[PDB]
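# Just need the structure, nothing else, for what follows:
(chains A, B, C, D and E)
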Amino acid sequence: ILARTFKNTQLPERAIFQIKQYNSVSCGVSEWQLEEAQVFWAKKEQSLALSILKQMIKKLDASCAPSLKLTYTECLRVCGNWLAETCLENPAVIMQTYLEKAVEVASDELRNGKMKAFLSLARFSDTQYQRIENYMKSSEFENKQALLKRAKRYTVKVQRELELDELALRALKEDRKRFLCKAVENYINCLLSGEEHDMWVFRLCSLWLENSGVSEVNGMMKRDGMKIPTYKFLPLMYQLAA
Amino acid sequence: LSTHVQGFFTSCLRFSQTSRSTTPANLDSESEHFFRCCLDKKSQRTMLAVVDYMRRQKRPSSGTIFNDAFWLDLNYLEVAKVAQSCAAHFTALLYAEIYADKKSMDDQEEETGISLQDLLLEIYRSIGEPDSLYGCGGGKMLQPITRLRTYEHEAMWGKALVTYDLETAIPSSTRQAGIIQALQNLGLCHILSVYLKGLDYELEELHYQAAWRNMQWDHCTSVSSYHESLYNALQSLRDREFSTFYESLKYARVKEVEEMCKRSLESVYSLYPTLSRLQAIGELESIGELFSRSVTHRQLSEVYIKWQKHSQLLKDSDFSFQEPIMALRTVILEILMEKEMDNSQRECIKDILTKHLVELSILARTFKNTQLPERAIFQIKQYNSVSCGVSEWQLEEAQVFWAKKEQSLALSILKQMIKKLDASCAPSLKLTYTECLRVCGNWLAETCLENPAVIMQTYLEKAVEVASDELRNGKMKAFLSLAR
Amino acid sequence: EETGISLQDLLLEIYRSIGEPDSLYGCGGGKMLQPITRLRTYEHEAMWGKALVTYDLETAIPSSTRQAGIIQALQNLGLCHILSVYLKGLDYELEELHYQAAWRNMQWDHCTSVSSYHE
Amino acid sequence: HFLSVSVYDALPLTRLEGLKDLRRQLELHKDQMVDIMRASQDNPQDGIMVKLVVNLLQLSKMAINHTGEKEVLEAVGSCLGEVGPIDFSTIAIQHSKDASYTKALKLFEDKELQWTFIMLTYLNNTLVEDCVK
Amino acid sequence: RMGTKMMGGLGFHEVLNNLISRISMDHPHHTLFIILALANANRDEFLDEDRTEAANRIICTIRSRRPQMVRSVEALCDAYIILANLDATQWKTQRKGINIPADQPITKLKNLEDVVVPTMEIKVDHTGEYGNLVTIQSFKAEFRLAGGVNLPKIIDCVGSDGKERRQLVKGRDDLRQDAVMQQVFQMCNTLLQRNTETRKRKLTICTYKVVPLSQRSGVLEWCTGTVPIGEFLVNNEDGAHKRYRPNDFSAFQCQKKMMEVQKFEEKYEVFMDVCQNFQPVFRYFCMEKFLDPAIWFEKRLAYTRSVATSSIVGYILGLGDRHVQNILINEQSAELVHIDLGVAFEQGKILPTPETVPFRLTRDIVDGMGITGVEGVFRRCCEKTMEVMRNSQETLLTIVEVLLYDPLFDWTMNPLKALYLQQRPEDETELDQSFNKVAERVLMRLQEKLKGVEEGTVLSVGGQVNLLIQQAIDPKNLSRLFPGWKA
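Residues are numbered from 1 along each chain as shown, chains lettered A, B, ... in the order given. Below is the structure:
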């Protein structure tokens, strides 16, 4: 951990020798297979690090029938954060398989792991919501003028089909609300019993001044606001009062 | 005759097909477990191949080539495994693909499909073609073993050195020592001789790899095959013995051909290591005609021109089969430095070496390598830089320094040299000043070390009114740089 | 030491003798204009990949003891087992650097590596 | 001299014919140490060889290496294979690219496969029996 | 551009006419096929004025020095116009079959004998000298017909040396784009050929010459031995998806998607149900044509690398709407060629039922790769061919900016051009400154597509090709595609 933070490659690889020659004689389920993937991702190969996690989750899912409970969340969070920057798979799988299963499963270390998983899920959902907003601001704006120009026999059926297609594609404009709901639910659950990440307290407010004006986000934090501390919201009074 | 009789009997038996397939499967599986198998005994593979093309019409109007699994009712995976061991060609990959297709079709109703990836990797390694190397360097890699961890680092050599000696326990305890020399011959200057001398405590041919690449005749005490005979010839080409060298050359040339022509039945990239050694051993033979008599600048220029014309067609070639011939050329051009006694002609071979190292650096910087284009600096700074010329070779230094991620000394050496080039104005200098200005003008426009308003009137401007196909090419380069 | 040329050398020597954070920030990236081979490795303290292939260029240059001591320090940082063979073969001032790789891996197992503070 | 005058009759045989005469005359015995020795003069035509290799945009013009390998394999089985391989190891070419696998280059069977009935195997067996004389 | 302003300023048109003169002086074969596209752009038998004036001026300047062969090519192109206009549906719609019946009123293209200049077959560029090696020796009219998009006409030409080559004459189809933007393919081919690292392997994009005649008309080249997979794989009488697998159906695959398009929530479920019972059989395309394993492996690797390069070429140059009929595979080389190119670069994301996959990659294509799929060779070839333009970013973008500022541009979405090519599947189921603004927008889009992504991150070649191949194989997005895209 201390060697990977200084952009070095050989020193964090030196740590593998002892843990593979003396510790790997028993072939445990999941106790030290994280720093191997970390030091392999530190390199420019991005393949063995992404393959060892898929190799180990298959044997970890069967060993479910301690430290395993707290490490099963980080083993999924690492892969979810590593496949979101390389785009090795579609992002619709981790939402229900990897990032989802890291919530309903999980002692300050367990609290820190839950905080990390919640913040990772929140930032991933925030990136997805930003992508959806950019798409709705670009493609819909480019298509609205084309539809208004085409709107100026047989063309009535085409116009009706285009109206049906619009009423069907508004499903994404309705589902970005759900994409934002999970982000807000993770943001309100991460900041509690956690520190060192106090810069995400106003990112929720960014999705609150105009996004929550018509959504149901006003009723979710009023029931979960009695557990969150307000001792970390000090950089917020300069715009929250306004 | 049997290859056709096996099909003619199976087409007529319609019943006896299972009885004939039970014996074929056992005959194909009996060659496994390191049993007795050699040439003239693998006729089962030829029979199975003939039963896949000439047996399409032997059956009824059904069962196309897509369903050729019932042509002999054998184990396609075992057939591919047996073929990859002996034949090791596209036939093995085709049989493996047929086995995978049959296994996928049988699921719609060395076991468990786990050996398929290993067979595919072995077939790709035995092929070694461009597509095989592409498939090996990414994809089908589901067994991250400690041995196959270095089979994908053929391009980059920096991380490959720290991931080679990572495990002291290797197979047969020879794969580590046998590869240490090949990993230290890529990038090193003098630290390989100490390692070879300390490794004394099968691999004797790799010990001379570092000696024959730098100071061949000067490292004659490095004795504590093909490369051995090449090193003996390099020692014997010191203008005192010629018959022994010419005999050792032929004995070495007629040595490696046998095992490289008998086993290699079909390949496209396995003959490249053959032609590389052929060219490397022919270059010294052609140079020996110059060592047998006096040295003349005319014939030296002619042989350098013909060598450059032979090397310019190697532009579409990597370092897998070019580093040996480049090292051979360097050593055969450096061996004549000790027996010069041609004071009036020494500058000729000095300029020849300068141009050769310039071309080596140019061809080495195009493959994103760092240590190989830096190897050219040693000779040009230990033998060519003894006169401190104005501007004849100070370009590839800045080029190889900019190739690194330092971007500091490369941008300072040009400013240091232009200061004396502007004063030395009171030939080659006229044509090299424009390119020396263009290099700095293009290197300070991507890093923004100074304001762009200076080069418009000082560097890029002065490269026009100052400046023979080379001069035309330089003017073209300067004009296009200024235009962009 | 005239013509104002020794000022840069004096500043570089003062910064090297200081070695403080500001001195390291001034040395990093290049402070003085010197293409000498001795100053070529004084700025590669961060990266160790290219710094290993730059210490074998001063073989013909004098002070081979310092070059050997620097190659030993560069091979003791990043390596697994290639340091013991190099130390055993370099036998043909620097005896303290020979035990740098032994005391870092299998100290009591490499007791035959004898052929100060670290000693 | 007479053989050279008859071979170079109204033909330069420098660019393509010089290699075709050595690539199409591979039907002799194993002791074909004359064509391999005459092909060593290709060093003087490197400028034409580079152009011929650059103009080849398909899987062709590289059969010279396959012919040399076949000659070496045929001479390794017979006797006096030292001088034969020494003369055959004079290709002086290292740009055999734009390929992944060389074919067998067999046309005798393709010309005889014109028949569509099952008698093609009988014709092939008869040809293989008549080839051994 | 010369057809824009021939009467403007003082020296502009003068220097333009003096510069368009040396090209007709040195390479007349390259310019006589393109001057007719604007000289006969409004030929109808049984702005634009400036274009006609420029055409007349060019013809007058060419005929002054050039021999009497100036009107021979004009009559030859009028013959193609007559071929494209006289064609009737009551004669060769259901009369194709297997015979090749000729046409009577054409009569050897009004009884031509030989032309002094070669046709659209092939032409090797020169280096400063004139060349008249290949020319027209004779001609025969057979009037072949293999296709049913809009009554296509296939003819044969036998020029010098006696070689038969097939040509395609199209009717009521705009082939101007297929002639102006198709040259970008050969431009990118030359770009990747100049690179020494990209020369060890071929990975070449096959090109075909196209000469336009007029509006809604054009002539393209048809290589001998090229059959589209739409009629070779998914067909009732000849297709490996049906004649080999008798258990599953072929026609109802389209009906199941037409019944889903009528609805949206069950799209992914219907796609999964259709894909669970249907696998790809395109992998059996190589061994059924080459029994030798060496040539089989050569052809399969060539096909894989060709489709891998064409995917990135399509992603960087737009050209959406890649149906099963446009992709054309060669039998003797196994290379995929795009022959229709109906829509412009950036048009799939703005048309009704928008396209999601930026290129053509289905289960058949992913199975044609072999046993390793995309991870083995496809993605590595993609990441190798994607960096060949990152070193020359200031070069490949200069073609789009000069091909988009032409007056005859038809890449913008018109109310009729965006529906005339999509109403046919609907019928089968039912049994200005804005232009410059969109041009700058798509220019910025193609500038951000390479060496970057719309998410704002860097996404170098190590992740960009992975994102591209993941946007291809995704059933959740394939369920949102057009039904006529994949059967």
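# doesn't residue E:243 make contact with residue B:67?
No. If you go by Cβ atoms under 8 Å, residue B:67 and residue E:243 don't touch, sitting 11.3 Å apart. Quick note: C-beta positions are derived from backbone N, CA and C, even for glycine.
# Would you mind listing what in chain D touches chain B?
Applying Cβ under 8 Å from any Cβ of the partner chain, we find that chain D lies next to chain B at D:43, D:46-47, D:49-50, D:53-54, D:65, D:69, D:72-73, D:76, D:82, D:85-86, D:88-97, D:99-102, D:121, D:125.
# If we use 7 Å, what do you get?
D:46-47, D:50, D:53, D:65, D:69, D:72-73, D:76, D:82, D:85-86, D:89, D:91-95, D:97, D:99-102, D:121, D:125 (Cβ under 7 Å from any Cβ of the partner chain).
# Assign a three-state SS to the residue of the stretch 301-450 of chain E at minimum distance from chain D, would you?
Chain D sits closest to residue E:301 of the stretch 301-450 of chain E, with a gap of 6.1 Å, by Cβ to the nearest Cβ. Of the three states, residue E:301 takes helix under DSSP: H, G, I helix; E, B strand; the rest coil.
# Quick one: residues contacting it.
B:131, D:100 (Cβ atoms under 7 Å, 6 or more residues apart in numbering or on different chains).
# how near is the most far-flung residue of chain A relative to its centre to residue B:333?
For chain A, the largest distance from the centre (Cα atoms, centre = their mean) belongs to residue A:153, which lies 49.9 Å off. Distance, residue A:153 to residue B:333, by Cβ to Cβ, to the nearest Å: 84 Å.
# Likewise for residue B:310?
In terms of Cβ to Cβ, residue B:310 sits 15 Å off from residue B:333.
# Okay, residue A:208 and residue A:187: tell me how far apart.
Counting by Cβ to Cβ, the gap from residue A:208 to residue A:187 is 10 Å.
# how about stretch B:266-282: buried residues?
When neighbours are counted by 16 or more other Cβ atoms under 10 Å in any protein chain shown, the buried residues of stretch B:266-282 are found to be B:266-272, B:274-282.
# Is chain D within reach of that stretch?
Yes. Stretch B:266-282 reaches chain D (Cβ under 7 Å from any Cβ) through B:266, B:268, B:271, B:275, B:276, B:278, B:279, B:282.
# Residues touching that stretch, excluding its own?
Outside stretch B:266-282, the residues that reach it (Cβ under 7 Å, 6+ apart) are B:89, B:128-129, B:226, B:230, B:249, B:252-253, B:256, B:260, B:264, B:320-321, B:324-325, B:328, D:65, D:89, D:91-94, D:99-102, E:294.
# For chain D, what's the nearest residue on chain A?
Closest point on chain A to chain D, by Cβ to the nearest Cβ, is residue A:47, at 24.6 Å.
# what's the answer for the stretch 51-200 of chain B, then?
For the stretch 51-200 of chain B, Cβ to the nearest Cβ, closest residue to chain D: residue B:129, 5.0 Å.
# looking at it, that residue is touching residue D:100, isn't it?
Yes. Residue B:129 lies in contact with residue D:100 (Cβ atoms under 7 Å); the separation is 5.0 Å.
# Nearest residue to residue 23 in space, ignoring adjacent ones along the chain?
No chain specified, so I'll use chain A. residue A:32 (6.2 Å; Cβ to Cβ, 6 or more residues apart in numbering or on different chains).
# switch to chain E, that's the one I care about
residue E:31 (5.4 Å).
# before we move on, the earlier item: which ones, among the residues of chain D next to chain B, also lie beside chain E?
Counting by Cβ under 7 Å from any Cβ, the members of the residues of chain D next to chain B near chain E are D:97, D:100, D:101.
# I'd like to know how many residues surround the last one.
Read that as residue D:101. By other Cβ atoms under 10 Å in any protein chain shown, 21 other residues sit near residue D:101.
# Check the gap between it and residue B:85 for me.
19 Å.
# Could you do the second one as well?
Counting by Cβ to Cβ, the gap between residue D:100 and residue B:85 amounts to 21 Å.
# Please say which of those two ends up with more neighbours.
residue D:100 (23 against 16).
# for that one, what are its contacts?
Residue D:100 neighbours (Cβ under 7 Å, 6+ apart): B:129, B:130, B:131, B:268, E:297, E:298, E:301.
# Grab the nearest non-local neighbour of the second one.
The spatially closest residue to residue B:130, leaving aside those adjacent along the chain, is residue E:201, at 5.4 Å (Cβ to Cβ, 6+ apart).
# Count the neighbours of that neighbour for me.
21.
# Residue A:208 in helix, strand or coil?
Per three-state DSSP, residue A:208 ends up coil.
# ok, now how distant is the closest residue to it other than its chain neighbours from chain B?
Nearest residue to residue A:208, sequence neighbours excluded (Cβ to Cβ, 6+ apart): residue A:217, at 6.7 Å. To chain B, residue A:217 is 44 Å away according to Cβ to the nearest Cβ, to the nearest Å.
# and if you look at residue E:58?
30 Å.
# Please tell me I have it right and that residue contacts residue E:35.
Yes. Residue E:58 is in contact with residue E:35 according to Cβ under 7 Å; the separation is 5.4 Å.
# what about the closest residue to chain A within the stretch 151-300 of chain E, helix or strand, and which?
Residue nearest to chain A within the stretch 151-300 of chain E: residue E:264 (4.7 Å; Cβ to the nearest Cβ). Secondary structure from DSSP states H and E places residue E:264 outside every helix and strand.
# Could you double-check that residue B:58 sits in contact with residue B:7?
Yes. Look at residue B:58 against residue B:7 with Cβ under 7 Å: they come within range, at 6.3 Å.
# out of the two, which sits in the busier spot?
residue B:7 (19 against 15).
# quick one: is the helix or strand hosting the more buried one near chain D?
In this structure, residue B:7 is located in helix B:2-13 according to DSSP H and E. Yes. Using Cβ under 7 Å from any Cβ, helix B:2-13 comes into contact with chain D via residue B:4.
# moving C-terminal of that helix, what's the next helix or strand?
With DSSP H and E, the next secondary element past helix B:2-13 is helix B:16-29.
# hmm, stretch B:141-161 in reach of chain C?
Yes. Judged by Cβ under 7 Å from any Cβ, stretch B:141-161 comes into contact with chain C at residue B:158.
# That stretch close to chain E?
No. Stretch B:141-161 lies out of reach of chain E by Cβ under 7 Å from any Cβ, never closer than 8.4 Å.
# which parts of stretch B:198-210 are buried?
Buried residues in stretch B:198-210 (16+ other Cβ under 10 Å): B:198, B:199, B:206, B:207, B:208, B:209, B:210.
# wait, which of those residues is closest to residue E:445?
residue B:209 (52.5 Å; Cβ to Cβ).
# The closest one contacts residue B:183, doesn't it?
No. Residue B:209 lies out of contact with residue B:183 (Cβ under 7 Å); the separation is 10.6 Å.
# Give the residues shared as contacts by the two.
Common neighbours of residue B:209 and residue B:183 (Cβ under 7 Å, 6+ apart) do not exist.
# got the contact list for the closest residue to chain E within chain A?
Proximity of chain A to chain E (Cβ to the nearest Cβ) peaks at residue A:87, 3.7 Å away. Residues in contact with residue A:87 (Cβ under 7 Å, 6+ apart) are E:463, E:466, E:467, E:470.
# ok, so what distance separates the nearest residue in space to it that is not next to it in sequence from chain B?
Counting by Cβ to Cβ, 6+ apart, residue E:467 is the residue found nearest to residue A:87 once chain neighbours are left out, at 3.7 Å. Applying Cβ to the nearest Cβ, the value for residue E:467 to chain B is 16 Å.
# Which strands or helices does whichever strand or helix holds residue E:467 pack on?
Residue E:467 is located in helix E:461-470, with elements delineated by DSSP H and E. Applying 3 or more Cβ pairs under 7 Å, 6 or more residues apart in numbering or on different chains; DSSP states H and E, one finds that helix E:461-470 makes contact with helix A:67-86, helix E:379-386.
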